[PDB]
file upload_8.tsv (TSV, N, CA and C atoms)
chain	number	residue	atom	x	y	z
A	430	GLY	N	116.51	-7.92	18.34
A	430	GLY	CA	116.34	-6.66	17.65
A	430	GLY	C	115.05	-6.60	16.87
A	431	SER	N	114.53	-5.39	16.68
A	431	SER	CA	113.28	-5.19	15.95
A	431	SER	C	113.53	-4.45	14.64
A	432	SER	N	114.60	-4.83	13.95
A	432	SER	CA	114.95	-4.21	12.68
A	432	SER	C	114.75	-2.69	12.75
A	433	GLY	N	115.15	-2.10	13.86
A	433	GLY	CA	115.01	-0.67	14.04
A	433	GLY	C	114.89	-0.26	15.49
A	434	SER	N	115.51	0.85	15.85
A	434	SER	CA	115.47	1.34	17.22
A	434	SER	C	114.38	2.39	17.40
A	435	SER	N	114.30	3.32	16.45
A	435	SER	CA	113.30	4.38	16.50
A	435	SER	C	112.45	4.38	15.24
A	436	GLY	N	111.20	4.82	15.37
A	436	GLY	CA	110.30	4.86	14.23
A	436	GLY	C	108.90	4.39	14.58
A	437	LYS	N	107.98	4.52	13.63
A	437	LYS	CA	106.60	4.11	13.84
A	437	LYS	C	106.05	3.39	12.61
A	438	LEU	N	105.04	2.55	12.82
A	438	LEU	CA	104.43	1.81	11.72
A	438	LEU	C	103.05	2.36	11.40
A	439	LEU	N	102.43	1.82	10.35
A	439	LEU	CA	101.11	2.26	9.93
A	439	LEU	C	100.02	1.58	10.76
A	440	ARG	N	100.26	1.49	12.06
A	440	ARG	CA	99.30	0.86	12.97
A	440	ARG	C	98.38	1.90	13.60
A	441	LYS	N	97.16	1.49	13.91
A	441	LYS	CA	96.18	2.39	14.52
A	441	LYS	C	96.28	2.35	16.04
A	442	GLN	N	95.52	3.21	16.71
A	442	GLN	CA	95.51	3.26	18.16
A	442	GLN	C	94.24	2.65	18.73
A	443	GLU	N	94.27	1.34	18.96
A	443	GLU	CA	93.11	0.63	19.49
A	443	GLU	C	92.70	1.21	20.85
A	444	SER	N	91.45	0.97	21.23
A	444	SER	CA	90.93	1.47	22.49
A	444	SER	C	91.14	0.45	23.61
A	445	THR	N	91.85	0.87	24.66
A	445	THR	CA	92.12	-0.01	25.79
A	445	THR	C	91.34	0.42	27.02
A	446	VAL	N	90.19	1.05	26.79
A	446	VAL	CA	89.34	1.51	27.89
A	446	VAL	C	87.95	0.89	27.80
A	447	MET	N	87.66	-0.05	28.69
A	447	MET	CA	86.37	-0.71	28.72
A	447	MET	C	85.41	-0.01	29.68
A	448	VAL	N	84.14	0.05	29.30
A	448	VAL	CA	83.12	0.69	30.12
A	448	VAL	C	82.04	-0.30	30.54
A	449	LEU	N	82.00	-0.61	31.83
A	449	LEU	CA	81.01	-1.54	32.36
A	449	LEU	C	79.73	-0.82	32.75
A	450	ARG	N	78.59	-1.45	32.48
A	450	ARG	CA	77.30	-0.86	32.80
A	450	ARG	C	76.38	-1.90	33.45
A	451	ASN	N	75.42	-1.41	34.24
A	451	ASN	CA	74.48	-2.30	34.92
A	451	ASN	C	75.21	-3.22	35.90
A	452	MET	N	76.36	-2.76	36.38
A	452	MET	CA	77.15	-3.54	37.32
A	452	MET	C	76.50	-3.55	38.70
A	453	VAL	N	76.50	-2.39	39.35
A	453	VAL	CA	75.91	-2.27	40.68
A	453	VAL	C	75.31	-0.88	40.89
A	454	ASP	N	74.15	-0.82	41.53
A	454	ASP	CA	73.48	0.44	41.80
A	454	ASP	C	74.44	1.43	42.46
A	455	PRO	N	74.09	2.73	42.39
A	455	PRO	CA	74.90	3.80	42.98
A	455	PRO	C	74.87	3.78	44.50
A	456	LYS	N	74.17	2.80	45.06
A	456	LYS	CA	74.05	2.67	46.51
A	456	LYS	C	75.17	1.79	47.06
A	457	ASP	N	75.48	0.72	46.34
A	457	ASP	CA	76.53	-0.20	46.76
A	457	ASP	C	77.91	0.44	46.61
A	458	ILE	N	78.00	1.44	45.75
A	458	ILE	CA	79.26	2.14	45.51
A	458	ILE	C	79.93	2.51	46.83
A	459	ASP	N	81.03	1.82	47.14
A	459	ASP	CA	81.77	2.08	48.37
A	459	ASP	C	83.27	2.05	48.11
A	460	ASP	N	84.04	2.55	49.08
A	460	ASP	CA	85.49	2.58	48.95
A	460	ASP	C	86.05	1.18	48.70
A	461	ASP	N	85.23	0.17	48.97
A	461	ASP	CA	85.63	-1.22	48.77
A	461	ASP	C	85.42	-1.64	47.32
A	462	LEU	N	84.28	-1.26	46.76
A	462	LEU	CA	83.95	-1.60	45.38
A	462	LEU	C	85.16	-1.41	44.47
A	463	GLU	N	85.62	-0.16	44.37
A	463	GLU	CA	86.77	0.16	43.53
A	463	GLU	C	87.80	-0.97	43.57
A	464	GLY	N	88.27	-1.29	44.77
A	464	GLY	CA	89.25	-2.35	44.93
A	464	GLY	C	88.77	-3.67	44.38
A	465	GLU	N	87.54	-4.03	44.70
A	465	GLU	CA	86.96	-5.29	44.23
A	465	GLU	C	87.01	-5.38	42.71
A	466	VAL	N	86.58	-4.32	42.04
A	466	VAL	CA	86.58	-4.28	40.59
A	466	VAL	C	88.00	-4.33	40.03
A	467	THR	N	88.93	-3.72	40.77
A	467	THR	CA	90.32	-3.69	40.35
A	467	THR	C	90.94	-5.08	40.37
A	468	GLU	N	90.74	-5.80	41.47
A	468	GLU	CA	91.27	-7.15	41.62
A	468	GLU	C	90.57	-8.11	40.67
A	469	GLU	N	89.30	-7.83	40.38
A	469	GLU	CA	88.51	-8.67	39.49
A	469	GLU	C	89.00	-8.55	38.05
A	470	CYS	N	89.41	-7.34	37.67
A	470	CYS	CA	89.89	-7.09	36.32
A	470	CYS	C	91.31	-7.62	36.14
A	471	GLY	N	92.08	-7.62	37.23
A	471	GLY	CA	93.45	-8.10	37.18
A	471	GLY	C	93.57	-9.40	36.41
A	472	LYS	N	92.50	-10.18	36.38
A	472	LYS	CA	92.49	-11.46	35.67
A	472	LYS	C	92.79	-11.25	34.19
A	473	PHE	N	92.00	-10.41	33.54
A	473	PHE	CA	92.17	-10.13	32.12
A	473	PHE	C	93.61	-9.72	31.82
A	474	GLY	N	94.07	-8.65	32.47
A	474	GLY	CA	95.42	-8.18	32.26
A	474	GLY	C	95.87	-7.20	33.32
A	475	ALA	N	96.89	-6.40	33.01
A	475	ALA	CA	97.41	-5.42	33.95
A	475	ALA	C	96.53	-4.18	33.98
A	476	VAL	N	95.82	-3.99	35.09
A	476	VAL	CA	94.94	-2.84	35.25
A	476	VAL	C	95.74	-1.55	35.43
A	477	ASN	N	95.58	-0.63	34.49
A	477	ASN	CA	96.29	0.65	34.53
A	477	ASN	C	95.63	1.60	35.53
A	478	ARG	N	94.33	1.81	35.37
A	478	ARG	CA	93.58	2.69	36.25
A	478	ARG	C	92.08	2.52	36.06
A	479	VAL	N	91.30	2.95	37.05
A	479	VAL	CA	89.85	2.84	36.98
A	479	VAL	C	89.18	4.17	37.32
A	480	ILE	N	88.11	4.49	36.60
A	480	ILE	CA	87.38	5.73	36.83
A	480	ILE	C	85.88	5.47	36.93
A	481	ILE	N	85.29	5.93	38.03
A	481	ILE	CA	83.86	5.76	38.25
A	481	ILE	C	83.10	7.07	38.05
A	482	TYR	N	82.27	7.11	37.01
A	482	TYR	CA	81.49	8.30	36.70
A	482	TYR	C	79.99	7.99	36.73
A	483	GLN	N	79.26	8.77	37.52
A	483	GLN	CA	77.81	8.58	37.64
A	483	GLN	C	77.09	9.92	37.62
A	484	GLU	N	75.86	9.92	37.10
A	484	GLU	CA	75.07	11.14	37.02
A	484	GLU	C	73.61	10.82	36.69
A	485	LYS	N	72.77	11.84	36.69
A	485	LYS	CA	71.35	11.67	36.39
A	485	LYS	C	71.10	11.81	34.89
A	486	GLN	N	70.26	10.93	34.35
A	486	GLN	CA	69.94	10.96	32.93
A	486	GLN	C	68.44	11.17	32.72
A	487	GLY	N	67.78	11.76	33.71
A	487	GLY	CA	66.36	12.01	33.62
A	487	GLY	C	65.96	13.34	34.22
A	488	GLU	N	65.04	14.03	33.56
A	488	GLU	CA	64.57	15.33	34.03
A	488	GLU	C	63.84	15.19	35.37
A	489	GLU	N	63.13	14.08	35.53
A	489	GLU	CA	62.38	13.83	36.76
A	489	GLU	C	63.26	14.09	37.99
A	490	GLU	N	62.63	14.55	39.06
A	490	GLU	CA	63.35	14.84	40.30
A	490	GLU	C	64.02	13.59	40.85
A	491	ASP	N	63.31	12.47	40.78
A	491	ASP	CA	63.83	11.20	41.27
A	491	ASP	C	64.06	10.22	40.12
A	492	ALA	N	64.43	10.76	38.96
A	492	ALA	CA	64.68	9.94	37.78
A	492	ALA	C	65.64	8.80	38.10
A	493	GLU	N	66.00	8.04	37.08
A	493	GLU	CA	66.92	6.92	37.25
A	493	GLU	C	68.37	7.40	37.23
A	494	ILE	N	69.25	6.62	37.85
A	494	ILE	CA	70.67	6.96	37.91
A	494	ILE	C	71.53	5.83	37.37
A	495	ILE	N	72.28	6.12	36.31
A	495	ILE	CA	73.15	5.13	35.69
A	495	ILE	C	74.56	5.19	36.28
A	496	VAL	N	75.37	4.19	35.98
A	496	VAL	CA	76.74	4.13	36.47
A	496	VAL	C	77.70	3.69	35.37
A	497	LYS	N	78.68	4.55	35.08
A	497	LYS	CA	79.67	4.26	34.05
A	497	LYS	C	81.02	3.93	34.67
A	498	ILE	N	81.42	2.67	34.59
A	498	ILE	CA	82.69	2.23	35.14
A	498	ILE	C	83.74	2.06	34.04
A	499	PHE	N	84.74	2.94	34.05
A	499	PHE	CA	85.80	2.89	33.05
A	499	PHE	C	87.01	2.13	33.59
A	500	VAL	N	87.48	1.14	32.83
A	500	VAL	CA	88.63	0.34	33.22
A	500	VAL	C	89.73	0.41	32.18
A	501	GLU	N	90.78	1.17	32.48
A	501	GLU	CA	91.91	1.32	31.56
A	501	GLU	C	92.96	0.25	31.82
A	502	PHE	N	93.38	-0.44	30.76
A	502	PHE	CA	94.38	-1.49	30.88
A	502	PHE	C	95.73	-1.01	30.35
A	503	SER	N	96.71	-1.90	30.34
A	503	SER	CA	98.05	-1.57	29.86
A	503	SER	C	98.12	-1.66	28.34
A	504	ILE	N	97.38	-2.61	27.78
A	504	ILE	CA	97.36	-2.80	26.33
A	504	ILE	C	95.93	-2.93	25.82
A	505	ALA	N	95.76	-2.75	24.51
A	505	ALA	CA	94.44	-2.85	23.89
A	505	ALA	C	93.95	-4.29	23.88
A	506	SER	N	94.85	-5.21	23.53
A	506	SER	CA	94.50	-6.63	23.47
A	506	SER	C	93.74	-7.05	24.72
A	507	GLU	N	94.37	-6.86	25.88
A	507	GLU	CA	93.75	-7.23	27.15
A	507	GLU	C	92.34	-6.65	27.26
A	508	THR	N	92.22	-5.35	27.01
A	508	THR	CA	90.94	-4.67	27.08
A	508	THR	C	89.90	-5.37	26.21
A	509	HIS	N	90.29	-5.71	24.99
A	509	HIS	CA	89.39	-6.39	24.06
A	509	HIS	C	88.86	-7.68	24.66
A	510	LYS	N	89.74	-8.42	25.34
A	510	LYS	CA	89.36	-9.68	25.97
A	510	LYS	C	88.28	-9.45	27.02
A	511	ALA	N	88.58	-8.61	28.00
A	511	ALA	CA	87.63	-8.31	29.07
A	511	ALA	C	86.27	-7.90	28.50
A	512	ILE	N	86.30	-7.20	27.38
A	512	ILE	CA	85.07	-6.75	26.73
A	512	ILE	C	84.35	-7.91	26.05
A	513	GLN	N	85.07	-8.65	25.22
A	513	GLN	CA	84.50	-9.79	24.51
A	513	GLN	C	83.88	-10.78	25.49
A	514	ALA	N	84.36	-10.76	26.73
A	514	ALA	CA	83.86	-11.66	27.76
A	514	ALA	C	82.77	-10.98	28.59
A	515	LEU	N	83.15	-9.93	29.30
A	515	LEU	CA	82.21	-9.19	30.14
A	515	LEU	C	81.08	-8.61	29.31
A	516	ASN	N	81.22	-8.68	27.99
A	516	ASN	CA	80.20	-8.17	27.08
A	516	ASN	C	78.87	-8.87	27.30
A	517	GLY	N	78.89	-9.94	28.09
A	517	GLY	CA	77.68	-10.69	28.37
A	517	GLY	C	77.81	-11.56	29.60
A	518	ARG	N	78.53	-11.07	30.60
A	518	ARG	CA	78.73	-11.82	31.84
A	518	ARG	C	77.48	-11.76	32.71
A	519	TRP	N	77.39	-12.68	33.67
A	519	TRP	CA	76.25	-12.74	34.57
A	519	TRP	C	76.63	-12.24	35.96
A	520	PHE	N	76.00	-11.15	36.39
A	520	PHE	CA	76.27	-10.57	37.70
A	520	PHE	C	75.40	-11.21	38.77
A	521	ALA	N	75.84	-11.13	40.02
A	521	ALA	CA	75.10	-11.70	41.14
A	521	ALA	C	73.65	-11.23	41.13
A	522	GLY	N	72.81	-11.92	40.36
A	522	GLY	CA	71.41	-11.56	40.28
A	522	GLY	C	71.16	-10.40	39.34
A	523	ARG	N	72.10	-10.17	38.43
A	523	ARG	CA	71.98	-9.08	37.47
A	523	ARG	C	72.78	-9.38	36.20
A	524	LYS	N	72.61	-8.55	35.18
A	524	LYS	CA	73.31	-8.72	33.92
A	524	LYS	C	74.38	-7.65	33.74
A	525	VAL	N	75.53	-8.04	33.21
A	525	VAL	CA	76.63	-7.11	32.99
A	525	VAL	C	76.82	-6.83	31.50
A	526	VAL	N	77.20	-5.60	31.18
A	526	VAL	CA	77.42	-5.20	29.79
A	526	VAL	C	78.70	-4.39	29.65
A	527	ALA	N	79.69	-4.98	28.99
A	527	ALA	CA	80.97	-4.31	28.78
A	527	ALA	C	81.08	-3.77	27.35
A	528	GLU	N	81.17	-2.45	27.23
A	528	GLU	CA	81.28	-1.81	25.93
A	528	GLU	C	82.65	-1.18	25.74
A	529	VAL	N	82.98	-0.84	24.50
A	529	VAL	CA	84.26	-0.23	24.19
A	529	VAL	C	84.16	1.29	24.16
A	530	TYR	N	85.04	1.95	24.90
A	530	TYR	CA	85.05	3.41	24.97
A	530	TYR	C	85.87	4.01	23.83
A	531	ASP	N	85.89	5.33	23.75
A	531	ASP	CA	86.64	6.03	22.71
A	531	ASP	C	87.93	6.61	23.28
A	532	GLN	N	89.06	6.09	22.81
A	532	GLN	CA	90.36	6.56	23.28
A	532	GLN	C	90.58	8.02	22.89
A	533	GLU	N	90.28	8.35	21.64
A	533	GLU	CA	90.44	9.71	21.15
A	533	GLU	C	90.04	10.73	22.21
A	534	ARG	N	88.78	10.66	22.63
A	534	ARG	CA	88.26	11.58	23.64
A	534	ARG	C	88.94	11.33	24.99
A	535	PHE	N	89.27	10.08	25.26
A	535	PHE	CA	89.91	9.71	26.52
A	535	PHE	C	91.22	10.47	26.69
A	536	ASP	N	91.74	11.01	25.60
A	536	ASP	CA	92.99	11.76	25.63
A	536	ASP	C	92.94	12.85	26.70
A	537	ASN	N	91.80	13.52	26.81
A	537	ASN	CA	91.62	14.59	27.79
A	537	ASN	C	90.71	14.13	28.92
A	538	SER	N	90.43	15.05	29.85
A	538	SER	CA	89.57	14.74	30.99
A	538	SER	C	88.14	15.22	30.74
A	539	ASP	N	87.64	14.96	29.54
A	539	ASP	CA	86.28	15.36	29.17
A	539	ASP	C	85.36	14.15	29.11
A	540	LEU	N	84.73	13.83	30.24
A	540	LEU	CA	83.81	12.70	30.31
A	540	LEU	C	82.42	13.09	29.83
A	541	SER	N	81.82	14.07	30.50
A	541	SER	CA	80.49	14.54	30.14
A	541	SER	C	80.35	14.67	28.63
A	542	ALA	N	81.31	15.36	28.01
A	542	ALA	CA	81.30	15.56	26.57
A	542	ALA	C	82.47	14.85	25.91
A	543	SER	N	82.55	14.95	24.58
A	543	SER	CA	83.62	14.32	23.83
A	543	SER	C	84.49	15.36	23.13
A	544	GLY	N	85.77	15.39	23.49
A	544	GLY	CA	86.68	16.34	22.89
A	544	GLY	C	86.26	17.78	23.13
A	545	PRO	N	87.25	18.68	23.18
A	545	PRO	CA	87.00	20.11	23.41
A	545	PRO	C	86.32	20.78	22.22
A	546	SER	N	85.00	20.88	22.27
A	546	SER	CA	84.23	21.49	21.20
A	546	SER	C	84.53	22.98	21.10
A	547	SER	N	84.89	23.42	19.90
A	547	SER	CA	85.21	24.83	19.66
A	547	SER	C	84.24	25.74	20.41
A	548	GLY	N	82.95	25.45	20.28
A	548	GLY	CA	81.94	26.25	20.95
A	548	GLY	C	80.53	25.83	20.58
call {"tool": "encode", "arguments": {"input": "upload_8.tsv", "output": "structure tokens"}}
result
Amino acid sequence: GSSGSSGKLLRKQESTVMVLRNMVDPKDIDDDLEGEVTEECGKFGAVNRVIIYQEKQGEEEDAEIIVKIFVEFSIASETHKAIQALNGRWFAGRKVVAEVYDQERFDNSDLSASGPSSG
């Protein structure tokens, strides 16, 4: 028993969504990648879902293209681990950077922006 069946504590809502960057160019992105990243994350903990978002961040016609890989886990703890580790992992001839995303905004499907801005 947990000294109670229903109720809530003064605990906060940690972020369980890790965002990988500098993983792989937008060219390697294939139907296989997703799976590869999924099985690779399985190590840390139970992978809830993965979201791949990419876009242009330069006015130039052929500017650079970044890649934002979101990895949602079952719990915050697990996510923290993958981050504390992948936060400086070594990729096959490249460097990996795992940052912590914002759950608050993650509540909705607003990637480009954060939260539904009044206007």
call {"tool": "closest_atom_pairs", "arguments": {"input": "upload_8.tsv", "of": "segment 445-478 of chain A", "to": "segment 489-496 of chain A", "cutoff": "7 Å", "atoms": "only N, CA and C atoms", "output": "Markdown table"}}
result
| residue | atom | partner | partner_atom | distance |
| --- | --- | --- | --- | --- |
| A:449 | C | A:496 | C | 5.6 |
| A:450 | CA | A:496 | C | 5.2 |
| A:451 | N | A:496 | C | 5.7 |
| A:452 | N | A:496 | C | 6.7 |
| A:453 | C | A:496 | CA | 6.8 |
| A:454 | C | A:496 | CA | 7.0 |
| A:455 | N | A:494 | C | 6.4 |
call {"tool": "atom_distance", "arguments": {"input": "upload_8.tsv", "atom1": "atom N of residue 487 of chain A", "atom2": "atom C of residue 469 of chain A"}}
result
29.7 Å
call {"tool": "atom_distance", "arguments": {"input": "upload_8.tsv", "atom1": "atom CA of residue 443 of chain A", "atom2": "atom C of residue 531 of chain A"}}
result
8.8 Å
call {"tool": "closest_residue", "arguments": {"input": "upload_8.tsv", "among": "A:543, A:430, A:538, A:527", "to": "residue 514 of chain A", "atoms": "all atoms listed in the file"}}
result
A:527
call {"tool": "atom_distance", "arguments": {"input": "upload_8.tsv", "atom1": "atom CA of residue 446 of chain A", "atom2": "atom N of residue 501 of chain A"}}
result
4.8 Å
call {"tool": "select_by_dssp", "arguments": {"input": "upload_8.tsv", "residues": "segment 461-504 of chain A", "states": "strand (DSSP E or B)", "output": "number ranges by chain"}}
result
A: 476-485, 494-502
call {"tool": "write_last_selection", "arguments": {"input": "upload_8.tsv", "atoms": "N, CA and C atoms", "output": "PDB file, in the coordinates of the input"}}
result
ATOM      1  N   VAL A 476      95.820  -3.990  35.090  1.00  0.00           N
ATOM      2  CA  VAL A 476      94.940  -2.840  35.250  1.00  0.00           C
ATOM      3  C   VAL A 476      95.740  -1.550  35.430  1.00  0.00           C
ATOM      4  N   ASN A 477      95.580  -0.630  34.490  1.00  0.00           N
ATOM      5  CA  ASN A 477      96.290   0.650  34.530  1.00  0.00           C
ATOM      6  C   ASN A 477      95.630   1.600  35.530  1.00  0.00           C
ATOM      7  N   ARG A 478      94.330   1.810  35.370  1.00  0.00           N
ATOM      8  CA  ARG A 478      93.580   2.690  36.250  1.00  0.00           C
ATOM      9  C   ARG A 478      92.080   2.520  36.060  1.00  0.00           C
ATOM     10  N   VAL A 479      91.300   2.950  37.050  1.00  0.00           N
ATOM     11  CA  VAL A 479      89.850   2.840  36.980  1.00  0.00           C
ATOM     12  C   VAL A 479      89.180   4.170  37.320  1.00  0.00           C
ATOM     13  N   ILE A 480      88.110   4.490  36.600  1.00  0.00           N
ATOM     14  CA  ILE A 480      87.380   5.730  36.830  1.00  0.00           C
ATOM     15  C   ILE A 480      85.880   5.470  36.930  1.00  0.00           C
ATOM     16  N   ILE A 481      85.290   5.930  38.030  1.00  0.00           N
ATOM     17  CA  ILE A 481      83.860   5.760  38.250  1.00  0.00           C
ATOM     18  C   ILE A 481      83.100   7.070  38.050  1.00  0.00           C
ATOM     19  N   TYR A 482      82.270   7.110  37.010  1.00  0.00           N
ATOM     20  CA  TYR A 482      81.490   8.300  36.700  1.00  0.00           C
ATOM     21  C   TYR A 482      79.990   7.990  36.730  1.00  0.00           C
ATOM     22  N   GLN A 483      79.260   8.770  37.520  1.00  0.00           N
ATOM     23  CA  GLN A 483      77.810   8.580  37.640  1.00  0.00           C
ATOM     24  C   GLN A 483      77.090   9.920  37.620  1.00  0.00           C
ATOM     25  N   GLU A 484      75.860   9.920  37.100  1.00  0.00           N
ATOM     26  CA  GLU A 484      75.070  11.140  37.020  1.00  0.00           C
ATOM     27  C   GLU A 484      73.610  10.820  36.690  1.00  0.00           C
ATOM     28  N   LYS A 485      72.770  11.840  36.690  1.00  0.00           N
ATOM     29  CA  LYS A 485      71.350  11.670  36.390  1.00  0.00           C
ATOM     30  C   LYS A 485      71.100  11.810  34.890  1.00  0.00           C
ATOM     31  N   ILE A 494      69.250   6.620  37.850  1.00  0.00           N
ATOM     32  CA  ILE A 494      70.670   6.960  37.910  1.00  0.00           C
ATOM     33  C   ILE A 494      71.530   5.830  37.370  1.00  0.00           C
ATOM     34  N   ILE A 495      72.280   6.120  36.310  1.00  0.00           N
ATOM     35  CA  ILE A 495      73.150   5.130  35.690  1.00  0.00           C
ATOM     36  C   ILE A 495      74.560   5.190  36.280  1.00  0.00           C
ATOM     37  N   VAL A 496      75.370   4.190  35.980  1.00  0.00           N
ATOM     38  CA  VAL A 496      76.740   4.130  36.470  1.00  0.00           C
ATOM     39  C   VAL A 496      77.700   3.690  35.370  1.00  0.00           C
ATOM     40  N   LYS A 497      78.680   4.550  35.080  1.00  0.00           N
ATOM     41  CA  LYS A 497      79.670   4.260  34.050  1.00  0.00           C
ATOM     42  C   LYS A 497      81.020   3.930  34.670  1.00  0.00           C
ATOM     43  N   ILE A 498      81.420   2.670  34.590  1.00  0.00           N
ATOM     44  CA  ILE A 498      82.690   2.230  35.140  1.00  0.00           C
ATOM     45  C   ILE A 498      83.740   2.060  34.040  1.00  0.00           C
ATOM     46  N   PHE A 499      84.740   2.940  34.050  1.00  0.00           N
ATOM     47  CA  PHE A 499      85.800   2.890  33.050  1.00  0.00           C
ATOM     48  C   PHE A 499      87.010   2.130  33.590  1.00  0.00           C
ATOM     49  N   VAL A 500      87.480   1.140  32.830  1.00  0.00           N
ATOM     50  CA  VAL A 500      88.630   0.340  33.220  1.00  0.00           C
ATOM     51  C   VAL A 500      89.730   0.410  32.180  1.00  0.00           C
ATOM     52  N   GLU A 501      90.780   1.170  32.480  1.00  0.00           N
ATOM     53  CA  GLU A 501      91.910   1.320  31.560  1.00  0.00           C
ATOM     54  C   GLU A 501      92.960   0.250  31.820  1.00  0.00           C
ATOM     55  N   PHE A 502      93.380  -0.440  30.760  1.00  0.00           N
ATOM     56  CA  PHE A 502      94.380  -1.490  30.880  1.00  0.00           C
ATOM     57  C   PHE A 502      95.730  -1.010  30.350  1.00  0.00           C
TER      58      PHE A 502
END
call {"tool": "residues_around", "arguments": {"input": "upload_8.tsv", "residues": "residue 506 of chain A", "least_positions_apart": "5", "cutoff": "7 Å", "atoms": "only N, CA and C atoms", "output": "PyMOL selection string"}}
result
chain A and resi 444-445+511
call {"tool": "write_last_selection", "arguments": {"input": "upload_8.tsv", "atoms": "N, CA and C atoms", "output": "mmCIF file, in the frame of the given file"}}
result
data_model
loop_
_atom_site.group_PDB
_atom_site.id
_atom_site.type_symbol
_atom_site.label_atom_id
_atom_site.label_comp_id
_atom_site.auth_asym_id
_atom_site.auth_seq_id
_atom_site.Cartn_x
_atom_site.Cartn_y
_atom_site.Cartn_z
ATOM 1 N N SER A 444 91.450 0.970 21.230
ATOM 2 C CA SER A 444 90.930 1.470 22.490
ATOM 3 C C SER A 444 91.140 0.450 23.610
ATOM 4 N N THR A 445 91.850 0.870 24.660
ATOM 5 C CA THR A 445 92.120 -0.010 25.790
ATOM 6 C C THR A 445 91.340 0.420 27.020
ATOM 7 N N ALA A 511 88.580 -8.610 28.000
ATOM 8 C CA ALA A 511 87.630 -8.310 29.070
ATOM 9 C C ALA A 511 86.270 -7.900 28.500
#
call {"tool": "axis_aligned_box", "arguments": {"input": "upload_8.tsv", "around": "segment 493-506 of chain A", "padding_each_side": "6 Å", "output": "lines of an AutoDock Vina configuration file"}}
result
center_x = 82.1
center_y = 0.5
center_z = 30.7
size_x = 44.1
size_y = 27.1
size_z = 26.4
call {"tool": "select_by_dssp", "arguments": {"input": "upload_8.tsv", "residues": "chain A", "states": "helix (DSSP H, G or I)", "output": "list in words"}}
result
residues 460, 461, 462, 463, 464, 465, 466, 467, 468, 469, 470, 505, 506, 507, 508, 509, 510, 511, 512, 513, 514, 515, 532, 533, 534 and 535 of chain A
call {"tool": "build_atoms", "arguments": {"input": "upload_8.tsv", "residues": "segment 430-441 of chain A", "atoms": "N, CA, C and O atoms", "output": "CSV table (one decimal), in the frame of the given file"}}
result
chain,number,residue,atom,x,y,z
A,430,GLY,N,116.5,-7.9,18.3
A,430,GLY,CA,116.3,-6.7,17.6
A,430,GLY,C,115.0,-6.6,16.9
A,430,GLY,O,114.5,-7.6,16.4
A,431,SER,N,114.5,-5.4,16.7
A,431,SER,CA,113.3,-5.2,16.0
A,431,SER,C,113.5,-4.4,14.6
A,431,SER,O,112.8,-3.6,14.3
A,432,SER,N,114.6,-4.8,14.0
A,432,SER,CA,115.0,-4.2,12.7
A,432,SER,C,114.8,-2.7,12.8
A,432,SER,O,114.2,-2.1,11.8
A,433,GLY,N,115.2,-2.1,13.9
A,433,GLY,CA,115.0,-0.7,14.0
A,433,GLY,C,114.9,-0.3,15.5
A,433,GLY,O,114.2,-1.0,16.3
A,434,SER,N,115.5,0.8,15.8
A,434,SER,CA,115.5,1.3,17.2
A,434,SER,C,114.4,2.4,17.4
A,434,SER,O,113.6,2.4,18.4
A,435,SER,N,114.3,3.3,16.4
A,435,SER,CA,113.3,4.4,16.5
A,435,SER,C,112.4,4.4,15.2
A,435,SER,O,112.9,4.0,14.2
A,436,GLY,N,111.2,4.8,15.4
A,436,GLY,CA,110.3,4.9,14.2
A,436,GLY,C,108.9,4.4,14.6
A,436,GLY,O,108.7,3.9,15.7
A,437,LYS,N,108.0,4.5,13.6
A,437,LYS,CA,106.6,4.1,13.8
A,437,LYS,C,106.0,3.4,12.6
A,437,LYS,O,106.5,3.6,11.5
A,438,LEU,N,105.0,2.6,12.8
A,438,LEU,CA,104.4,1.8,11.7
A,438,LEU,C,103.0,2.4,11.4
A,438,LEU,O,102.5,3.2,12.1
A,439,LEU,N,102.4,1.8,10.4
A,439,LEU,CA,101.1,2.3,9.9
A,439,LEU,C,100.0,1.6,10.8
A,439,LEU,O,99.0,1.1,10.2
A,440,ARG,N,100.3,1.5,12.1
A,440,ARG,CA,99.3,0.9,13.0
A,440,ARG,C,98.4,1.9,13.6
A,440,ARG,O,98.8,3.1,13.8
A,441,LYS,N,97.2,1.5,13.9
A,441,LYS,CA,96.2,2.4,14.5
A,441,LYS,C,96.3,2.4,16.0
A,441,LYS,O,97.0,1.5,16.6
